[PDB]
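Participant: Give me coordinates for this.
(2 chains)
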Amino acid sequence: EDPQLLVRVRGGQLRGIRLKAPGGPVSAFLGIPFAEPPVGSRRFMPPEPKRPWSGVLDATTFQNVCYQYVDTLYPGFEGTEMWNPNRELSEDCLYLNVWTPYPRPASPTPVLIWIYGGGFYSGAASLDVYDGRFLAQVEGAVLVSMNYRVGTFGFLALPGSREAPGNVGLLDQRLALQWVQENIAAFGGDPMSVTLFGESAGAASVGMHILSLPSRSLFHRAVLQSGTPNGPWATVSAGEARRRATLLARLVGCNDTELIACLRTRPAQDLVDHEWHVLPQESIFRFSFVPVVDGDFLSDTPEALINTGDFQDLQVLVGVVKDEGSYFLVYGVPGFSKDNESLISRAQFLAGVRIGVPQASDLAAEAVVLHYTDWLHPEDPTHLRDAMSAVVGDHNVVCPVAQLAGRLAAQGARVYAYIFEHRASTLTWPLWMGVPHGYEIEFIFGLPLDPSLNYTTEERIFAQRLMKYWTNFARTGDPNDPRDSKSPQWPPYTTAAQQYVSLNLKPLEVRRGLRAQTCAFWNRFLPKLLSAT
Amino acid sequence: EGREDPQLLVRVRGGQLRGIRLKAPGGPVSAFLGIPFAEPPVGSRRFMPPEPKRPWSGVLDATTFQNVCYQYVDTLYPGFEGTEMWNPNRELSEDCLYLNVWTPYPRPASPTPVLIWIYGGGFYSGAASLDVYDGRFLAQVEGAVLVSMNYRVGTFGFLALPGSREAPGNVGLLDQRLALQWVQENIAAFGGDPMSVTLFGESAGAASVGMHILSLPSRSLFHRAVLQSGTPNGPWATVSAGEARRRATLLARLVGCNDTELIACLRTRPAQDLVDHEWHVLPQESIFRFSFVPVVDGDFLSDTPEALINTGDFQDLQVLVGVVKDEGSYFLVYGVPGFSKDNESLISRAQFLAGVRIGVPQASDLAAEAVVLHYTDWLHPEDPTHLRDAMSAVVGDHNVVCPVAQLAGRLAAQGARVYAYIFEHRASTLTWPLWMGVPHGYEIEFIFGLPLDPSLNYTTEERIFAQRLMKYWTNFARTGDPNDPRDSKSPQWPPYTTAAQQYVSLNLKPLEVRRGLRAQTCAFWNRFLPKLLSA
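Facilitator: Residues are numbered from 1 along each chain as shown, chains lettered A, B, ... in the order given. The coordinates are given below.
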């Protein structure tokens, strides 16, 4: 019975497990319950604190993955399977994971809290790419990650009702953050230095914690990788949420109370089976059950809240990968596949656009096409393919990120921005997809430090750089290495200079303007257009 | 005759002419100036189609430029050479339908390709007698036969009550066509070849050339065409029948005047009173808009130029078209607040938003918004230097560069052989400020070879440059190809095509080939803006 692996938290005692990281051991406490299982009459409801337990809770293994749709586009393909659940599905899934240095930090160590992505309909804290042992061993970080409910279980809402108020998946995250405040000191973590980071919908979640008052006392700094609370996919209105719920109810054979009671009797997979059938249009990068503007968790739209908020007290790191959109094309756009070069025609490009920008009027869709067409080579299939990706990536991630960065900087926040440009040597998706959505994560978490993974030595050096930026940001709100003159420095993003850095194998290079012209089109012009036409 | 220079006596259909022997740098040329080609369109003939000049008796003296057509005189910067060079240099008169001929001296042996110049001036001004249009250099150095004609401008040339008998519209264009007919009948008397006639013109002259291309009756009067910084399509070169009617009747009201009675009253007004009110009938505060221009009458112009270029067959057409580096700059000082020739015209973002409304006068709020969004530099949305240059670009792109791109594009896609250029050399003698770059109209003096005149103070490179340009233009006139057959060592000027979109830079350096005539931005003006109009 190793005393390092024994911890007492408010709920009782836990036993962790000593894990091996390439350069030493780490203590891991996996599958720790932070809420009462949200099952039965608790489905769709806010989470409740876990009841205390007797004896020593076994925390040596990952708990179940929250019930969710499982990707079947390319069965058995590593590129898709790496995001698929790697433990049993169950509605009983509200557990978190802690990694710390072995032995446990002598002084209170900055805490990093990871919130996974997966479009709010999927994901799990137990995936290999979220392995916290590297950051724990190399950087001496305390790293936390929670499961939170996704899809219907996490975001189905009949706004105003008592039994499906919406946003309970975000309340799961918040409960887990509360748990960190109350318990993390027992592991050596410093509750007074907590940094949230997350990718895609996890980044959007981080963004919503920034914009929700009760969350603000649970962390001090934030990192948003390739996702934002503002933008086209991360939220829905009360009315559109209500619409999607009652439609799903109808689809599975079901006054709010009675509607929800009948939904509560449905086996989990019955709900998932119809999840994708409630979207208003044929689309990509669009998800049926996501956070809802309830006037509660989110008092107004994220757009409104970032425009009017005071962010003086906030430090943020935000960024995008080089090819945000490519991934999503093979999930809905005719002409695209991981198996060929997806060279498309002009007609297929105009088709792709109505799908990639599903809420666009005819005129707006024409605007997009004409903006993104290269008029020197209007019909070149290679350009058209790359343009289709750019449209999807720009509309859904890059421009929403440029918008957020700008509002935050303009309203007092300390902001750092990046674009991640290195394509992993181990990547299984075709070359034409470039650096796809989500493929910076394995580098931030430091997976290349594991020799059995076959990353190149330059990549291993790269990963170490990124872990430094992230953990330095966690420690100080500034990703710059304090023990390093010469670099050059990573400057804050401001509305004046608009500086950000490229992250890749070469040293930091400072650039200005994050797709400035193109994001002016999306952020300034298109709104004016659609609100008229 | 008896003791006159026997080489200067010529007979044309209307009678005998005596020309004058002029000195050009490299030798003498023959000039026949102020030849009448129409009955004076005065009195009851105001607003009417021209009638062919009736024969005269004796020897008409043709040694001096004739009257300039009655027009507005520019007074923005009185005494300033930059404006005065474009002002009338002979007496104003409604009796102004005369043309000019320069030829080698002695006149050519075999029949020589003919160049016909059509001056610009917004359809409200201009004259064939200006210094920058001096035909002596092309005649002497290239052996060209050069013809230029006066044509009515302003109300006199373009006031229209469409459908009426007394003011049918486009009479200024019919003056041009009458002069083309005169060339067909008479130019062989000077050694000119009526079967090789190339039209060239700049600004409204260029738009005029484009309208002769689109007008069937003019099509048997010429064989090749050059359009410099102007097009028959675009926002300023034509008005609708309704808009012309509206402007004519408003102008009538302003001067105290059933179409017949209205026009009859207009014919009693002194020329100057019409000129004094012509700017007052424009629909909005604007620049690069002119009150009385060609009208889509369904006669001379069977449909809008846009419709005609979109659907015409242009197999038989050889055309040279181009633009200067800074088409819009000149126009800014004539009405965009913040702009002047006498300072750097650094402007604010607010002055930019206002300038856009004036420079794109027909835009709705949303459309103006699109323009401001597109042209703003979003790394430096507030920089006064960038904003100044963007304002100029907005005006140049909207009025010239994108209409020319559209024209070259449709003509090529539909059979025509098209050559395209951008002219980038700023004259060492320019009197406009540096901020204006290479302004609208300032290639003309190079095409006509003025830098060959030692007394004008051009540099030796400019002289050599002028000679190259004169070669391109005359080669194109001779063969429909600007390239020199002998000289293959010199870089070649490829045709412009929809597939490759190639065009050349004209400057002190050897031809450089480029692709895409503001392709992205012109996609905005030519493909998107019109649709933002169906909404």
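Participant: buried residues in stretch A:330-344?
Facilitator: Within stretch A:330-344, the residues scored as buried using 16 or more other Cβ atoms under 10 Å in any protein chain shown are A:330, A:332-333, A:335-336, A:338, A:342, A:344. Yep, even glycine has a C-beta here, placed from its N, CA and C like the rest.
Participant: which one of those residues sits closest to chain B?
Facilitator: Using Cβ to the nearest Cβ, residue A:344 comes nearest to chain B of the buried residues of stretch A:330-344, at 19.4 Å.
Participant: need the contact list for the closest one.
Facilitator: By Cβ atoms under 8 Å, 6 or more residues apart in numbering or on different chains, the contact set of residue A:344 is A:335-336, A:352, A:381, A:384-385, A:388.
Participant: Mark which of those are buried, thanks.
Facilitator: Neighbour counting by 16+ other Cβ under 10 Å classes A:335-336, A:352, A:381, A:384-385, A:388 among these as buried.
Participant: the strands in the stretch 301-450 of chain A, which residues?
Facilitator: A:315-321, A:414-420 (DSSP state E, counting those that start in this stretch).
Participant: closest to residue A:445 out of those strands?
Facilitator: Residue A:445 lies closest to strand A:414-420 among the strands of the stretch 301-450 of chain A, at 13.4 Å (Cβ to Cβ).
Participant: Using CSV, write down the CA coordinates of the closest one.
Facilitator: Only the C-alpha atoms of strand A:414-420 are listed here, as CSV (Å, rounded to 0.1, in the frame of the first residue of the first chain):
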residue,chain,number,x,y,z
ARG,A,414,-4.9,39.6,-22.1
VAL,A,415,-5.0,37.5,-25.2
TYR,A,416,-2.4,35.3,-27.0
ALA,A,417,-3.1,33.7,-30.3
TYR,A,418,-1.6,31.0,-32.5
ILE,A,419,-2.0,29.0,-35.7
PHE,A,420,-0.8,25.4,-35.5
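Participant: For that strand, which outside residues touch it?
Facilitator: Outside strand A:414-420, the residues within contact range by Cβ under 8 Å, 6+ apart are A:314-322, A:401, A:405, A:408-409, A:435, A:440, A:443, A:473, A:477-479, A:490, A:492-494, A:499-504, A:511, A:514.
Participant: change it to 7 Å
Facilitator: For strand A:414-420, contacts defined as Cβ atoms under 7 Å, 6 or more residues apart in numbering or on different chains pick out A:314-322, A:405, A:408-409, A:435, A:440, A:477, A:479, A:490, A:492-493, A:500-503, A:514.
Participant: That strand: how far from the chain's middle?
Facilitator: Relative to its chain's centre, strand A:414-420 lies at 16 Å (Cα atoms, centre = their mean, to the nearest Å).
Participant: Just the buried residues of it, please?
Facilitator: Quick answer for strand A:414-420 (16+ other Cβ under 10 Å): A:414-420.
Participant: which residues of the stretch 401-533 of chain A fall in helices?
Facilitator: A:441-444, A:457-476, A:516-520, A:526-530 (DSSP state H, counting those that start in this stretch).
Participant: For residue A:199, give its distance to residue A:440.
Facilitator: Distance of residue A:199 to residue A:440, given as Cβ to Cβ, to the nearest Å: 8 Å.
Participant: hang on, the earlier thing: report the two of the buried residues of stretch A:330-344 separated the most.
Facilitator: A:338 and A:344 (14.5 Å).
Participant: Let's check: the centremost residue of chain A is which one?
Facilitator: Centroid-nearest residue in chain A, with Cα atoms, centre = their mean: residue A:202, separated by 2.3 Å.
Participant: Surely it is within a strand?
Facilitator: No. Using DSSP: H, G, I helix; E, B strand; the rest coil, the assignment for residue A:202 is helix, not a strand.
Participant: Would you mind confirming that it is in contact with residue A:113?
Facilitator: No. Using Cβ atoms under 7 Å as the test, residue A:202 is too far from residue A:113 to be in contact (10.3 Å).
Participant: The closest residue to residue A:128 other than its chain neighbours: neighbour count?
Facilitator: Nearest non-adjacent residue to residue A:128, counting by Cβ to Cβ, 6 or more residues apart in numbering or on different chains: residue A:82, 6.9 Å away. By the criterion of other Cβ atoms under 10 Å in any protein chain shown, residue A:82 has 14 neighbours.
Participant: of all the residues in the stretch 51-200 of chain A, which ones are close to chain B?
Facilitator: By Cβ under 7 Å from any Cβ of the partner chain, no residue of the stretch 51-200 of chain A approaches chain B.
Participant: can you give me the helices for the stretch 51-200 of chain A?
Facilitator: Per DSSP H, counting those that start in this stretch, the stretch 51-200 of chain A carries helices over the ranges A:78-81, A:133-139, A:151-155, A:168-183.
Participant: and residue A:194, which of the ones you listed is closest to it?
Facilitator: When the helices of the stretch 51-200 of chain A are ranked by proximity to residue A:194 (Cβ to Cβ), helix A:168-183 comes first, at 6.4 Å.
Participant: got the buried residues for that closest one?
Facilitator: For helix A:168-183, the neighbour count (16+ other Cβ under 10 Å) marks A:168-181, A:183 as buried.
Participant: Give the burial count for residue A:517, as a bare number.
Facilitator: Residue A:517, neighbours per other Cβ under 10 Å, totals 14.
Participant: Tell me how far it lies from residue A:163.
Facilitator: Taken as Cβ to Cβ, the span from residue A:517 to residue A:163 is 48 Å.
Participant: The residue in the stretch 101-250 of chain A that chain B sits nearest to: neighbour count?
Facilitator: Going by Cβ to the nearest Cβ, chain B is nearest to residue A:230 of the stretch 101-250 of chain A, at 18.4 Å. Look at residue A:230: counted by other Cβ under 10 Å, it has 23 neighbours.
Participant: pretty sure it is touching residue A:406, no?
Facilitator: No. Residue A:230 is beyond contact range of residue A:406, at 10.9 Å (criterion: Cβ under 7 Å).
Participant: Give me the number of neighbouring residues for the nearest residue to residue A:392 once chain neighbours are set aside.
Facilitator: Spatial nearest neighbour of residue A:392, excluding adjacent residues (Cβ to Cβ, 6+ apart): residue A:325 at 3.2 Å. Residue A:325 has 27 neighbouring residues, counting by other Cβ under 10 Å.
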